[PDB]
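*Asks:* See target15.cif below, with mmCIF, C-alpha atoms.
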```cif
data_upload
#
loop_
_atom_site.group_PDB
_atom_site.id
_atom_site.type_symbol
_atom_site.label_atom_id
_atom_site.label_comp_id
_atom_site.auth_asym_id
_atom_site.auth_seq_id
_atom_site.Cartn_x
_atom_site.Cartn_y
_atom_site.Cartn_z
ATOM 1 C CA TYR A 514 41.649 200.252 89.954
ATOM 2 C CA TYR A 515 40.105 200.322 86.473
ATOM 3 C CA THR A 516 40.168 196.521 86.065
ATOM 4 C CA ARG A 517 36.831 196.408 87.989
ATOM 5 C CA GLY A 518 35.017 196.857 84.691
ATOM 6 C CA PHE A 519 35.985 195.269 81.368
ATOM 7 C CA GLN A 520 34.785 191.661 81.376
ATOM 8 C CA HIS A 521 35.169 188.290 83.138
ATOM 9 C CA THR A 522 38.901 189.058 83.472
ATOM 10 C CA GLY A 523 38.056 190.928 86.682
ATOM 11 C CA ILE A 524 36.149 188.044 88.286
ATOM 12 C CA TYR A 525 39.284 186.563 89.843
ATOM 13 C CA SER A 526 40.814 190.019 90.416
ATOM 14 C CA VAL A 527 38.114 191.372 92.760
ATOM 15 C CA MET A 528 38.019 188.567 95.330
ATOM 16 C CA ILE A 529 41.784 188.619 95.970
ATOM 17 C CA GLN A 530 41.701 191.969 97.782
ATOM 18 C CA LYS A 531 39.387 190.594 100.495
ATOM 19 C CA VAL A 532 41.607 187.703 101.643
ATOM 20 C CA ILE A 533 45.118 188.805 100.599
ATOM 21 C CA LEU A 534 44.863 192.029 102.610
ATOM 22 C CA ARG A 535 43.860 189.977 105.659
ATOM 23 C CA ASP A 536 46.376 187.122 105.380
ATOM 24 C CA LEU A 537 49.484 188.772 103.906
ATOM 25 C CA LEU A 538 49.384 191.523 106.536
ATOM 26 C CA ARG A 539 49.627 189.165 109.519
ATOM 27 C CA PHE A 540 52.055 186.794 107.811
ATOM 28 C CA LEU A 541 54.320 189.669 106.744
ATOM 29 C CA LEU A 542 54.229 191.035 110.290
ATOM 30 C CA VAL A 543 55.390 187.642 111.576
ATOM 31 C CA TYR A 544 58.051 187.445 108.858
ATOM 32 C CA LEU A 545 59.372 190.915 109.716
ATOM 33 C CA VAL A 546 59.516 190.016 113.417
ATOM 34 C CA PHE A 547 61.544 186.900 112.598
ATOM 35 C CA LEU A 548 63.766 188.805 110.164
ATOM 36 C CA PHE A 549 64.560 191.543 112.682
ATOM 37 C CA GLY A 550 65.269 188.990 115.409
ATOM 38 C CA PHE A 551 67.643 187.073 113.148
ATOM 39 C CA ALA A 552 69.304 190.319 112.042
ATOM 40 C CA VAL A 553 69.911 191.376 115.650
ATOM 41 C CA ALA A 554 71.303 187.902 116.331
ATOM 42 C CA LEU A 555 73.703 188.156 113.386
ATOM 43 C CA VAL A 556 74.803 191.624 114.513
ATOM 44 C CA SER A 557 75.477 190.192 117.973
ATOM 45 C CA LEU A 558 77.659 187.461 116.464
ATOM 46 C CA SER A 559 79.500 189.794 114.085
ATOM 47 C CA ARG A 560 80.200 192.471 116.711
ATOM 48 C CA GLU A 561 82.983 190.367 118.250
ATOM 49 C CA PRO A 589 80.253 191.902 107.941
ATOM 50 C CA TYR A 590 76.818 192.639 109.456
ATOM 51 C CA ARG A 591 77.795 196.021 110.875
ATOM 52 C CA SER A 592 74.456 197.809 111.313
ATOM 53 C CA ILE A 593 70.977 196.482 112.020
ATOM 54 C CA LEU A 594 69.797 197.771 108.637
ATOM 55 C CA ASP A 595 72.645 195.961 106.865
ATOM 56 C CA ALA A 596 71.872 192.717 108.700
ATOM 57 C CA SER A 597 68.165 193.025 107.899
ATOM 58 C CA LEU A 598 69.048 193.587 104.243
ATOM 59 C CA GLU A 599 71.270 190.496 104.287
ATOM 60 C CA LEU A 600 68.517 188.359 105.837
ATOM 61 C CA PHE A 601 66.078 189.632 103.213
ATOM 62 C CA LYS A 602 68.595 188.589 100.549
ATOM 63 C CA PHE A 603 69.174 185.152 102.124
ATOM 64 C CA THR A 604 65.771 183.875 101.006
ATOM 65 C CA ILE A 605 66.770 184.089 97.324
ATOM 66 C CA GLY A 606 70.205 185.631 96.836
ATOM 67 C CA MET A 607 72.174 185.010 100.075
ATOM 68 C CA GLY A 608 75.190 186.700 101.649
ATOM 69 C CA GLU A 609 76.438 183.332 102.810
ATOM 70 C CA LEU A 610 79.943 181.749 102.933
ATOM 71 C CA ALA A 611 80.927 183.301 106.265
ATOM 72 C CA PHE A 612 84.269 185.106 106.434
ATOM 73 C CA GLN A 613 86.589 182.258 107.429
ATOM 74 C CA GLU A 614 87.415 182.766 111.124
ATOM 75 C CA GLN A 615 84.433 184.720 112.460
ATOM 76 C CA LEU A 616 85.716 184.714 116.048
ATOM 77 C CA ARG A 617 85.283 180.916 116.263
ATOM 78 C CA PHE A 618 81.506 181.373 115.816
ATOM 79 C CA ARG A 619 81.181 180.292 112.180
ATOM 80 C CA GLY A 620 79.275 177.130 113.093
ATOM 81 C CA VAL A 621 76.595 178.853 115.164
ATOM 82 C CA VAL A 622 76.233 181.539 112.479
ATOM 83 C CA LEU A 623 75.725 178.891 109.792
ATOM 84 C CA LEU A 624 73.216 177.050 111.991
ATOM 85 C CA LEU A 625 71.315 180.303 112.565
ATOM 86 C CA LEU A 626 71.271 181.020 108.826
ATOM 87 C CA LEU A 627 69.907 177.538 108.145
ATOM 88 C CA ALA A 628 67.263 178.047 110.833
ATOM 89 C CA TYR A 629 66.220 181.322 109.212
ATOM 90 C CA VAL A 630 65.984 179.530 105.859
ATOM 91 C CA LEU A 631 63.714 176.838 107.319
ATOM 92 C CA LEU A 632 61.491 179.395 109.069
ATOM 93 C CA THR A 633 61.172 181.460 105.883
ATOM 94 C CA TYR A 634 60.357 178.371 103.811
ATOM 95 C CA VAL A 635 57.770 177.060 106.279
ATOM 96 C CA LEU A 636 56.201 180.528 106.421
ATOM 97 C CA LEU A 637 55.987 180.436 102.620
ATOM 98 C CA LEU A 638 54.295 177.022 102.717
ATOM 99 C CA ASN A 639 51.861 178.370 105.317
ATOM 100 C CA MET A 640 51.258 181.295 102.951
ATOM 101 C CA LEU A 641 50.307 178.929 100.129
ATOM 102 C CA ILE A 642 48.109 176.745 102.350
ATOM 103 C CA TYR B 514 52.859 181.163 120.771
ATOM 104 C CA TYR B 515 50.507 184.059 121.537
ATOM 105 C CA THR B 516 48.727 183.872 118.159
ATOM 106 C CA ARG B 517 46.489 181.119 119.660
ATOM 107 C CA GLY B 518 44.135 183.826 120.889
ATOM 108 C CA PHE B 519 43.192 186.998 119.006
ATOM 109 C CA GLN B 520 40.570 186.101 116.400
ATOM 110 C CA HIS B 521 39.931 184.009 113.266
ATOM 111 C CA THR B 522 43.504 184.829 112.173
ATOM 112 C CA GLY B 523 44.644 181.840 114.244
ATOM 113 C CA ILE B 524 42.256 179.350 112.624
ATOM 114 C CA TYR B 525 44.705 178.495 109.845
ATOM 115 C CA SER B 526 47.715 178.906 112.164
ATOM 116 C CA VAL B 527 46.797 176.154 114.656
ATOM 117 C CA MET B 528 46.266 173.253 112.252
ATOM 118 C CA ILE B 529 49.639 173.679 110.516
ATOM 119 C CA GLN B 530 51.643 172.456 113.518
ATOM 120 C CA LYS B 531 49.940 169.036 113.427
ATOM 121 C CA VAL B 532 50.860 168.102 109.839
ATOM 122 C CA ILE B 533 53.966 170.220 109.134
ATOM 123 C CA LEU B 534 55.830 168.743 112.108
ATOM 124 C CA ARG B 535 55.026 165.255 110.802
ATOM 125 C CA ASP B 536 55.764 165.762 107.093
ATOM 126 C CA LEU B 537 58.643 168.266 107.058
ATOM 127 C CA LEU B 538 60.618 166.168 109.547
ATOM 128 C CA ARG B 539 60.699 163.035 107.380
ATOM 129 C CA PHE B 540 61.132 164.950 104.127
ATOM 130 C CA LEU B 541 63.983 167.029 105.573
ATOM 131 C CA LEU B 542 65.631 163.849 106.848
ATOM 132 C CA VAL B 543 65.484 162.416 103.320
ATOM 133 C CA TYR B 544 66.771 165.692 101.862
ATOM 134 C CA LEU B 545 69.702 165.777 104.296
ATOM 135 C CA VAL B 546 70.579 162.163 103.466
ATOM 136 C CA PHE B 547 70.622 163.006 99.754
ATOM 137 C CA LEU B 548 72.573 166.221 100.356
ATOM 138 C CA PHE B 549 75.256 164.472 102.409
ATOM 139 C CA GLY B 550 75.559 161.679 99.848
ATOM 140 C CA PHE B 551 75.976 164.174 97.014
ATOM 141 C CA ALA B 552 78.475 166.183 99.075
ATOM 142 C CA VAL B 553 80.589 163.086 99.745
ATOM 143 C CA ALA B 554 80.409 162.279 96.032
ATOM 144 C CA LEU B 555 81.608 165.769 95.093
ATOM 145 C CA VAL B 556 84.438 165.538 97.631
ATOM 146 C CA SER B 557 85.445 162.213 96.080
ATOM 147 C CA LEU B 558 85.571 163.815 92.626
ATOM 148 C CA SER B 559 87.414 166.938 93.788
ATOM 149 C CA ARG B 560 90.024 165.052 95.833
ATOM 150 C CA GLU B 561 91.891 164.023 92.671
ATOM 151 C CA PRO B 589 87.062 173.306 95.237
ATOM 152 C CA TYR B 590 84.993 171.045 97.529
ATOM 153 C CA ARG B 591 87.773 170.490 100.053
ATOM 154 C CA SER B 592 85.919 169.443 103.215
ATOM 155 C CA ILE B 593 82.633 167.617 103.704
ATOM 156 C CA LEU B 594 81.163 170.709 105.371
ATOM 157 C CA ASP B 595 82.178 172.885 102.413
ATOM 158 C CA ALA B 596 80.653 170.428 99.939
ATOM 159 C CA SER B 597 77.437 170.226 101.964
ATOM 160 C CA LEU B 598 77.281 174.025 102.010
ATOM 161 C CA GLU B 599 77.767 174.108 98.236
ATOM 162 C CA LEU B 600 74.991 171.554 97.674
ATOM 163 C CA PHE B 601 72.698 173.579 99.931
ATOM 164 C CA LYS B 602 73.501 176.632 97.797
ATOM 165 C CA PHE B 603 72.937 174.760 94.509
ATOM 166 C CA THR B 604 69.167 174.695 94.992
ATOM 167 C CA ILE B 605 68.943 178.497 94.677
ATOM 168 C CA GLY B 606 72.356 180.136 94.401
ATOM 169 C CA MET B 607 74.741 177.501 92.944
ATOM 170 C CA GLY B 608 78.518 177.091 93.012
ATOM 171 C CA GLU B 609 78.415 175.804 89.464
ATOM 172 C CA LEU B 610 80.677 176.397 86.410
ATOM 173 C CA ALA B 611 83.242 173.742 87.334
ATOM 174 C CA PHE B 612 86.902 174.774 87.337
ATOM 175 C CA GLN B 613 87.877 174.018 83.738
ATOM 176 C CA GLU B 614 89.955 170.814 83.822
ATOM 177 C CA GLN B 615 88.755 169.036 86.968
ATOM 178 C CA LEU B 616 90.953 165.979 86.382
ATOM 179 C CA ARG B 617 88.953 165.066 83.246
ATOM 180 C CA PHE B 618 85.857 164.532 85.438
ATOM 181 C CA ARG B 619 83.959 167.728 84.612
ATOM 182 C CA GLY B 620 81.233 165.850 82.742
ATOM 183 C CA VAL B 621 80.413 163.421 85.546
ATOM 184 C CA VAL B 622 80.473 166.290 88.060
ATOM 185 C CA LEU B 623 78.016 168.291 85.950
ATOM 186 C CA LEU B 624 75.781 165.232 85.539
ATOM 187 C CA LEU B 625 75.829 164.675 89.309
ATOM 188 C CA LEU B 626 74.941 168.325 89.932
ATOM 189 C CA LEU B 627 72.024 168.059 87.509
ATOM 190 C CA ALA B 628 70.882 164.865 89.233
ATOM 191 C CA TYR B 629 70.971 166.629 92.598
ATOM 192 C CA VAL B 630 68.918 169.470 91.106
ATOM 193 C CA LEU B 631 66.268 167.046 89.826
ATOM 194 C CA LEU B 632 66.104 165.176 93.147
ATOM 195 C CA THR B 633 65.763 168.436 95.089
ATOM 196 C CA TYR B 634 63.045 169.700 92.742
ATOM 197 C CA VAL B 635 61.067 166.449 92.835
ATOM 198 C CA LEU B 636 61.355 166.425 96.634
ATOM 199 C CA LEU B 637 59.942 169.962 96.623
ATOM 200 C CA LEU B 638 57.025 168.878 94.424
ATOM 201 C CA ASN B 639 56.408 165.956 96.785
ATOM 202 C CA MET B 640 56.473 168.492 99.627
ATOM 203 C CA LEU B 641 53.731 170.544 97.973
ATOM 204 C CA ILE B 642 51.607 167.497 97.113
#
```
Let's see the structure in the file written out as structure tokens.
*Replies:*
Amino acid sequence: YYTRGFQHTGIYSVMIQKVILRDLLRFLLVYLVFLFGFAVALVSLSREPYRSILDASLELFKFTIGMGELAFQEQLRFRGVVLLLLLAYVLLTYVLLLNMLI
Amino acid sequence: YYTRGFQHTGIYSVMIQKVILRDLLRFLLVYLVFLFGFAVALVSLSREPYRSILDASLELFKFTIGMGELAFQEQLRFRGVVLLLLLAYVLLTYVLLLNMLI
């Protein structure tokens, strides 16, 4: 809060709070909706390794940078659809990031 | 779909679908062509660890962020060319990303 004084160093640090708080909120809401949907989907696949909804959400949050990928061999013959869903989540996250920058 | 209403929050969210769908499609096609070519190349090296084409494609997709690097010691005396190919794939992916942003 005390960066409001000082010198010109605050010029770029005072205008961010008027557009970031408006844009990041909506975009993060959309991202969380997508993340929870994908997590529920992965739990549905793994039910019959993504045990709880919280664990799946954590995995999806890690997928953007650190992954939990390389599915466990024979995942009830649904490895292909799981991999396709993971790729789809990657593309949605990346396009949301590009929309963030734009 | 229901973000088309609301308020000014949709102003930046309606114009993205007219240029993203045109640019990302072609750039992703190019990226997939490069990825499949590099995966086939890695399979060719590893034939005589990148067993199937799907596994190699998955590894190349991971290389951009999470890697499968640190080749397995003596890879039939072809560790150097494999490492050079991996570096080349990294540079092509990065330059494609910069082209994406531009």
*Asks:* Report chain B as a PDB file with C-alpha atoms, in the coordinates of the input in the frame of chain A, after least-squares superposition over all C-alpha atoms paired in order.
*Replies:*
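result_31.pdb was written with the following content:
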```pdb
ATOM      1  CA  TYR B 514      41.648 200.252  89.954  1.00  0.00           C
ATOM      2  CA  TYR B 515      40.105 200.322  86.473  1.00  0.00           C
ATOM      3  CA  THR B 516      40.169 196.521  86.065  1.00  0.00           C
ATOM      4  CA  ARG B 517      36.833 196.410  87.989  1.00  0.00           C
ATOM      5  CA  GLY B 518      35.017 196.857  84.690  1.00  0.00           C
ATOM      6  CA  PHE B 519      35.986 195.270  81.368  1.00  0.00           C
ATOM      7  CA  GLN B 520      34.785 191.661  81.376  1.00  0.00           C
ATOM      8  CA  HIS B 521      35.168 188.290  83.137  1.00  0.00           C
ATOM      9  CA  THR B 522      38.900 189.059  83.471  1.00  0.00           C
ATOM     10  CA  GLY B 523      38.056 190.928  86.683  1.00  0.00           C
ATOM     11  CA  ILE B 524      36.149 188.044  88.285  1.00  0.00           C
ATOM     12  CA  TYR B 525      39.284 186.564  89.843  1.00  0.00           C
ATOM     13  CA  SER B 526      40.814 190.019  90.416  1.00  0.00           C
ATOM     14  CA  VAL B 527      38.113 191.372  92.760  1.00  0.00           C
ATOM     15  CA  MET B 528      38.020 188.567  95.329  1.00  0.00           C
ATOM     16  CA  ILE B 529      41.783 188.618  95.969  1.00  0.00           C
ATOM     17  CA  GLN B 530      41.701 191.969  97.783  1.00  0.00           C
ATOM     18  CA  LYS B 531      39.387 190.593 100.495  1.00  0.00           C
ATOM     19  CA  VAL B 532      41.606 187.703 101.642  1.00  0.00           C
ATOM     20  CA  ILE B 533      45.117 188.805 100.600  1.00  0.00           C
ATOM     21  CA  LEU B 534      44.863 192.029 102.610  1.00  0.00           C
ATOM     22  CA  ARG B 535      43.860 189.976 105.660  1.00  0.00           C
ATOM     23  CA  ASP B 536      46.376 187.122 105.380  1.00  0.00           C
ATOM     24  CA  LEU B 537      49.484 188.772 103.906  1.00  0.00           C
ATOM     25  CA  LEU B 538      49.384 191.523 106.537  1.00  0.00           C
ATOM     26  CA  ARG B 539      49.627 189.165 109.520  1.00  0.00           C
ATOM     27  CA  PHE B 540      52.055 186.794 107.812  1.00  0.00           C
ATOM     28  CA  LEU B 541      54.321 189.669 106.743  1.00  0.00           C
ATOM     29  CA  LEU B 542      54.229 191.036 110.290  1.00  0.00           C
ATOM     30  CA  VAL B 543      55.390 187.642 111.576  1.00  0.00           C
ATOM     31  CA  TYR B 544      58.052 187.445 108.858  1.00  0.00           C
ATOM     32  CA  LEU B 545      59.372 190.916 109.716  1.00  0.00           C
ATOM     33  CA  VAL B 546      59.516 190.017 113.416  1.00  0.00           C
ATOM     34  CA  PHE B 547      61.544 186.900 112.600  1.00  0.00           C
ATOM     35  CA  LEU B 548      63.767 188.805 110.164  1.00  0.00           C
ATOM     36  CA  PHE B 549      64.561 191.544 112.682  1.00  0.00           C
ATOM     37  CA  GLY B 550      65.269 188.991 115.409  1.00  0.00           C
ATOM     38  CA  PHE B 551      67.643 187.072 113.148  1.00  0.00           C
ATOM     39  CA  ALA B 552      69.304 190.320 112.041  1.00  0.00           C
ATOM     40  CA  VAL B 553      69.911 191.376 115.650  1.00  0.00           C
ATOM     41  CA  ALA B 554      71.303 187.902 116.330  1.00  0.00           C
ATOM     42  CA  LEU B 555      73.703 188.156 113.385  1.00  0.00           C
ATOM     43  CA  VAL B 556      74.804 191.624 114.512  1.00  0.00           C
ATOM     44  CA  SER B 557      75.477 190.193 117.973  1.00  0.00           C
ATOM     45  CA  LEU B 558      77.658 187.459 116.464  1.00  0.00           C
ATOM     46  CA  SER B 559      79.500 189.794 114.086  1.00  0.00           C
ATOM     47  CA  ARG B 560      80.200 192.472 116.712  1.00  0.00           C
ATOM     48  CA  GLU B 561      82.983 190.366 118.249  1.00  0.00           C
ATOM     49  CA  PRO B 589      80.253 191.902 107.941  1.00  0.00           C
ATOM     50  CA  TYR B 590      76.817 192.639 109.457  1.00  0.00           C
ATOM     51  CA  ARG B 591      77.794 196.022 110.876  1.00  0.00           C
ATOM     52  CA  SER B 592      74.456 197.810 111.313  1.00  0.00           C
ATOM     53  CA  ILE B 593      70.977 196.482 112.020  1.00  0.00           C
ATOM     54  CA  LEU B 594      69.797 197.771 108.636  1.00  0.00           C
ATOM     55  CA  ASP B 595      72.644 195.961 106.865  1.00  0.00           C
ATOM     56  CA  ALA B 596      71.873 192.717 108.700  1.00  0.00           C
ATOM     57  CA  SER B 597      68.165 193.025 107.899  1.00  0.00           C
ATOM     58  CA  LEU B 598      69.048 193.587 104.244  1.00  0.00           C
ATOM     59  CA  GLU B 599      71.269 190.496 104.287  1.00  0.00           C
ATOM     60  CA  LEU B 600      68.517 188.359 105.837  1.00  0.00           C
ATOM     61  CA  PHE B 601      66.078 189.632 103.213  1.00  0.00           C
ATOM     62  CA  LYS B 602      68.595 188.589 100.549  1.00  0.00           C
ATOM     63  CA  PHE B 603      69.174 185.151 102.124  1.00  0.00           C
ATOM     64  CA  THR B 604      65.772 183.875 101.007  1.00  0.00           C
ATOM     65  CA  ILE B 605      66.770 184.088  97.324  1.00  0.00           C
ATOM     66  CA  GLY B 606      70.204 185.631  96.836  1.00  0.00           C
ATOM     67  CA  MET B 607      72.174 185.009 100.075  1.00  0.00           C
ATOM     68  CA  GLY B 608      75.190 186.700 101.649  1.00  0.00           C
ATOM     69  CA  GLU B 609      76.438 183.331 102.811  1.00  0.00           C
ATOM     70  CA  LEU B 610      79.942 181.750 102.933  1.00  0.00           C
ATOM     71  CA  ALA B 611      80.927 183.301 106.266  1.00  0.00           C
ATOM     72  CA  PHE B 612      84.270 185.106 106.434  1.00  0.00           C
ATOM     73  CA  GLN B 613      86.588 182.258 107.429  1.00  0.00           C
ATOM     74  CA  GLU B 614      87.414 182.766 111.124  1.00  0.00           C
ATOM     75  CA  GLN B 615      84.432 184.720 112.460  1.00  0.00           C
ATOM     76  CA  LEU B 616      85.717 184.715 116.048  1.00  0.00           C
ATOM     77  CA  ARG B 617      85.283 180.916 116.263  1.00  0.00           C
ATOM     78  CA  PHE B 618      81.506 181.373 115.816  1.00  0.00           C
ATOM     79  CA  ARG B 619      81.180 180.292 112.179  1.00  0.00           C
ATOM     80  CA  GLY B 620      79.275 177.131 113.093  1.00  0.00           C
ATOM     81  CA  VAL B 621      76.596 178.853 115.164  1.00  0.00           C
ATOM     82  CA  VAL B 622      76.234 181.538 112.479  1.00  0.00           C
ATOM     83  CA  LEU B 623      75.725 178.891 109.791  1.00  0.00           C
ATOM     84  CA  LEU B 624      73.216 177.050 111.992  1.00  0.00           C
ATOM     85  CA  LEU B 625      71.315 180.303 112.565  1.00  0.00           C
ATOM     86  CA  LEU B 626      71.270 181.021 108.826  1.00  0.00           C
ATOM     87  CA  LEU B 627      69.907 177.538 108.144  1.00  0.00           C
ATOM     88  CA  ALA B 628      67.263 178.047 110.833  1.00  0.00           C
ATOM     89  CA  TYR B 629      66.220 181.322 109.212  1.00  0.00           C
ATOM     90  CA  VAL B 630      65.985 179.530 105.859  1.00  0.00           C
ATOM     91  CA  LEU B 631      63.714 176.838 107.319  1.00  0.00           C
ATOM     92  CA  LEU B 632      61.491 179.396 109.070  1.00  0.00           C
ATOM     93  CA  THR B 633      61.172 181.459 105.883  1.00  0.00           C
ATOM     94  CA  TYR B 634      60.356 178.371 103.811  1.00  0.00           C
ATOM     95  CA  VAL B 635      57.770 177.060 106.278  1.00  0.00           C
ATOM     96  CA  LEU B 636      56.201 180.529 106.422  1.00  0.00           C
ATOM     97  CA  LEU B 637      55.988 180.435 102.620  1.00  0.00           C
ATOM     98  CA  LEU B 638      54.295 177.023 102.717  1.00  0.00           C
ATOM     99  CA  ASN B 639      51.862 178.369 105.316  1.00  0.00           C
ATOM    100  CA  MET B 640      51.258 181.294 102.951  1.00  0.00           C
ATOM    101  CA  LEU B 641      50.308 178.928 100.130  1.00  0.00           C
ATOM    102  CA  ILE B 642      48.108 176.744 102.350  1.00  0.00           C
TER     103      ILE B 642
END
```
*Asks:* What residues have an atom no more than 10 Å from (40.5, 185.3, 105.5) in the file's own frame, counting all atoms listed in the file, and can you write them as an NGL selection string?
*Replies:* (:A and (531-537)) or (:B and (521-522 or 524-525))
*Asks:* Quick check on the file I pasted: which residues fall under the PyMOL selection byres ((chain B) within 10 of (chain A))? Write them as a list in words.
*Replies:* residues 522, 525, 526, 529, 533, 537, 541, 595, 598, 599, 601, 602, 604, 605, 606, 640 and 641 of chain B
*Asks:* Please produce a file of the residues just selected, as a compact mmCIF listing (two decimals), in the coordinates of the input, where the atoms kept are C-alpha atoms.
*Replies:*
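To be explicit, this is the file written out as result-v7.txt:
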```txt
# COMPACT_ATOMS: atom_id res chain seq x y z
CA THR B 522 43.50 184.83 112.17
CA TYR B 525 44.70 178.50 109.84
CA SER B 526 47.72 178.91 112.16
CA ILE B 529 49.64 173.68 110.52
CA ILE B 533 53.97 170.22 109.13
CA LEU B 537 58.64 168.27 107.06
CA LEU B 541 63.98 167.03 105.57
CA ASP B 595 82.18 172.88 102.41
CA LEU B 598 77.28 174.02 102.01
CA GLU B 599 77.77 174.11 98.24
CA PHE B 601 72.70 173.58 99.93
CA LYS B 602 73.50 176.63 97.80
CA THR B 604 69.17 174.70 94.99
CA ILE B 605 68.94 178.50 94.68
CA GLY B 606 72.36 180.14 94.40
CA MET B 640 56.47 168.49 99.63
CA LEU B 641 53.73 170.54 97.97
```
*Asks:* Considering all atoms listed in the file, state which residue in the set A:558, A:553, A:538, A:527 is at the smallest distance from residue 617 of chain A.
*Replies:*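 Using all atoms listed in the file, residue 617 of chain A sits closest to A:558.
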*Asks:* Check what the PyMOL selection byres ((chain A and resi 559) around 12) selects in the file above and give those residues as an mmCIF file with C-alpha atoms, keeping the file's coordinate frame.
*Replies:*
```cif
data_model
loop_
_atom_site.group_PDB
_atom_site.id
_atom_site.type_symbol
_atom_site.label_atom_id
_atom_site.label_comp_id
_atom_site.auth_asym_id
_atom_site.auth_seq_id
_atom_site.Cartn_x
_atom_site.Cartn_y
_atom_site.Cartn_z
ATOM 1 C CA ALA A 552 69.304 190.319 112.042
ATOM 2 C CA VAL A 553 69.911 191.376 115.650
ATOM 3 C CA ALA A 554 71.303 187.902 116.331
ATOM 4 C CA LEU A 555 73.703 188.156 113.386
ATOM 5 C CA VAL A 556 74.803 191.624 114.513
ATOM 6 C CA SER A 557 75.477 190.192 117.973
ATOM 7 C CA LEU A 558 77.659 187.461 116.464
ATOM 8 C CA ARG A 560 80.200 192.471 116.711
ATOM 9 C CA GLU A 561 82.983 190.367 118.250
ATOM 10 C CA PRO A 589 80.253 191.902 107.941
ATOM 11 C CA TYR A 590 76.818 192.639 109.456
ATOM 12 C CA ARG A 591 77.795 196.021 110.875
ATOM 13 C CA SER A 592 74.456 197.809 111.313
ATOM 14 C CA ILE A 593 70.977 196.482 112.020
ATOM 15 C CA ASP A 595 72.645 195.961 106.865
ATOM 16 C CA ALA A 596 71.872 192.717 108.700
ATOM 17 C CA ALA A 611 80.927 183.301 106.265
ATOM 18 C CA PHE A 612 84.269 185.106 106.434
ATOM 19 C CA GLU A 614 87.415 182.766 111.124
ATOM 20 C CA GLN A 615 84.433 184.720 112.460
ATOM 21 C CA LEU A 616 85.716 184.714 116.048
ATOM 22 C CA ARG A 617 85.283 180.916 116.263
ATOM 23 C CA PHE A 618 81.506 181.373 115.816
ATOM 24 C CA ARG A 619 81.181 180.292 112.180
ATOM 25 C CA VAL A 621 76.595 178.853 115.164
ATOM 26 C CA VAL A 622 76.233 181.539 112.479
#
```
*Asks:* So, counting only C-alpha atoms, which residue among B:543, B:594, B:549, B:620 is closest to residue 636 of chain B?
*Replies:*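 Nearest candidate to residue 636 of chain B out of B:543, B:594, B:549, B:620: B:543.
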*Asks:* Record the distance separating atom CA of residue 634 of chain A and atom CA of residue 600 of chain A, expressed in Å with one decimal.
*Replies:*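 Between atom CA of residue 634 of chain A and atom CA of residue 600 of chain A the gap is 13.1 Å.
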*Asks:* Atom CA of residue 548 of chain B to atom CA of residue 547 of chain A: how many Å, to one decimal?
*Replies:*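 Separating atom CA of residue 548 of chain B from atom CA of residue 547 of chain A is a distance of 26.4 Å.
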*Asks:* Enter the distance from atom CA of residue 515 of chain B to atom CA of residue 551 of chain A, in Å, rounded to one decimal.
*Replies:*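 Computed distance, atom CA of residue 515 of chain B to atom CA of residue 551 of chain A, equals 19.3 Å.
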*Asks:* Because the input lacks atoms here, generate N, CA, C and O atoms for segment 625-633 of chain A and report them as a CSV table (one decimal), keeping the file's coordinate frame.
*Replies:*
```csv
chain,number,residue,atom,x,y,z
A,625,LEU,N,72.3,179.3,112.5
A,625,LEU,CA,71.3,180.3,112.6
A,625,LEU,C,70.8,180.7,111.2
A,625,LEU,O,69.6,180.9,111.0
A,626,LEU,N,71.7,180.7,110.2
A,626,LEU,CA,71.3,181.0,108.8
A,626,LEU,C,70.4,179.9,108.3
A,626,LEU,O,69.3,180.2,107.7
A,627,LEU,N,70.8,178.7,108.6
A,627,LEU,CA,69.9,177.5,108.1
A,627,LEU,C,68.5,177.6,108.8
A,627,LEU,O,67.5,177.4,108.2
A,628,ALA,N,68.5,177.9,110.1
A,628,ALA,CA,67.3,178.0,110.8
A,628,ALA,C,66.4,179.1,110.2
A,628,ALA,O,65.2,178.9,110.1
A,629,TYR,N,67.0,180.3,109.9
A,629,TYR,CA,66.2,181.3,109.2
A,629,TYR,C,65.7,180.8,107.9
A,629,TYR,O,64.5,181.2,107.5
A,630,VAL,N,66.5,180.1,107.1
A,630,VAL,CA,66.0,179.5,105.9
A,630,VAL,C,64.8,178.6,106.1
A,630,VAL,O,63.8,178.7,105.3
A,631,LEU,N,64.8,177.7,107.1
A,631,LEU,CA,63.7,176.8,107.3
A,631,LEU,C,62.5,177.6,107.8
A,631,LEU,O,61.4,177.3,107.3
A,632,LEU,N,62.6,178.6,108.7
A,632,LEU,CA,61.5,179.4,109.1
A,632,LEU,C,60.9,180.2,107.9
A,632,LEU,O,59.6,180.2,107.8
A,633,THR,N,61.7,180.8,107.0
A,633,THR,CA,61.2,181.5,105.9
A,633,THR,C,60.4,180.5,105.0
A,633,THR,O,59.3,180.8,104.5
```
